[PDB]
Structure formats: structure tokens, C-alpha cells
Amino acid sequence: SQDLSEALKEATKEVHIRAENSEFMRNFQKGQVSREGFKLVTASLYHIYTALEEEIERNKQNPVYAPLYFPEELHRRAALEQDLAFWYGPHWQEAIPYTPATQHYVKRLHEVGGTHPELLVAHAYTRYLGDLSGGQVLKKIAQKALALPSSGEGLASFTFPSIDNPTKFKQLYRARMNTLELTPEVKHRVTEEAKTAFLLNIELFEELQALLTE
């Protein structure tokens, strides 16, 4: 479509359905998630967000990204560290895995943030708006399926205390995205990089599912 936010939604509709149909997610939605599986994804995401937010800080002043800088509201690295500490203990840093698919994703995140800053939006969009959407549904399912503390320990990465209303916040995020100045061509490169982003997540779920099956 014309507005970037609409073009992104249109461009990733197919890979989104594919992400929901991935074995790992299908099971998660139906309440079939294990402590081992949840630990795995959380660990993998700690790396992805670490790399992602490291690149964001690098371009927080770059006009091609500046409008999407929301450290207090969205940044997930700290929350993920809290979950990892809960699941793996004080020495989580050294106990957590770093799978091939996660590294491949982290790599892409450094390339983009490093030399293609105008595409970082595609990656932030894919992870953050997803956390505020499907993530909100999954959060509730996980607390039940994993019989977690009613206080929220273990699910801090799904919690955005600095956001009163995710739905409302996403509309504001879309507004900001449509504020970005870029040619139709670069805009296409953006929607195209968001598919790549979903594909990196898909590949990551397929790998973890493969790792878990045993």
C-alpha cells in the first residue's frame, strides 16, 4: 500500500500465517509448551534482542530510524535477563545455549544495523509489534501451561509495564513508521527485509522444535 505500515502488513501476511503454522507455535497456541522449550526460545531471544537493541542504540539519532526509538516502552533485553535468571539461575549467562539459527539471526541484525540502517525498522517492527500482539495471547497461555507465579516471574519478556495499551501503542508505532522519509524503492526493500525477518524466526522455531524432539 501507500503508507509503510500498511505495506508491511500486506507484505508479511503470508509469512505470518506460516509462522503460526510452524510446529513449535501451533503447539504453543494449543497450550502444548514445555519448560525446556520455553527456556530455549527465551535464551535464543535474549541474544536476538541483545543484538537488535545494540544496533538500535547505534542508530537512535539516524533519521531513518529515530522516530521508532522507544527504549523505555519496548526494549526487551533487561526483561529477558530477568526471565533467564529465573529459569537458569544467577549464572544464566554461562548456561544458556546459542544455537546456529540464533547466530544466523544475530548476524543479519549486525549487517543491517551496521550498513543498512534504513532497514532496521523492518526488524524492530517484526519483533516488537509481534510481542504486543501474538505475544500477549501466548503470555497468558504460558502462565497456565507452565503453572507460573501469579506475580509474573518468568514472563517478564511479555510484559511492557511502560505501556498502558498495546493496541493503542501499535497504532502510535505505525504512525511513526509512516513518518519515515524514503523512496518507494527503499520502502520495498523494507517490506522485503521484514519477510526475511519472519523467515529468520520461522527457521529459528523449526530448529528449536528439532532440538526439543527427543
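In case it trips you up, residue 1 is the first one in the sequence shown, and so on.
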| query | finding |
| --- | --- |
| Average Cα temperature factor in the PDB entry - higher stretch of 147 to 155, 45 to 53 | 147 to 155 |
| Stretch with the greater mean C-alpha B-factor as recorded in the entry, comparing 90 to 98 against 122 to 130 | 90 to 98 |
| Relative C-alpha B-factor of residue 136, binned into the chain's lowest, middle or highest third | lowest |
| Third assignment of residue 38 from its chain's C-alpha B-factors | middle |
| Third of chain Cα B-factors occupied by residue 28 | lowest |
| CA B-factor placement of residue 173, once the chain's modelled residues are sorted into thirds | middle |
| Record-listed C-alpha B factor of residue 85: chain third | lowest |
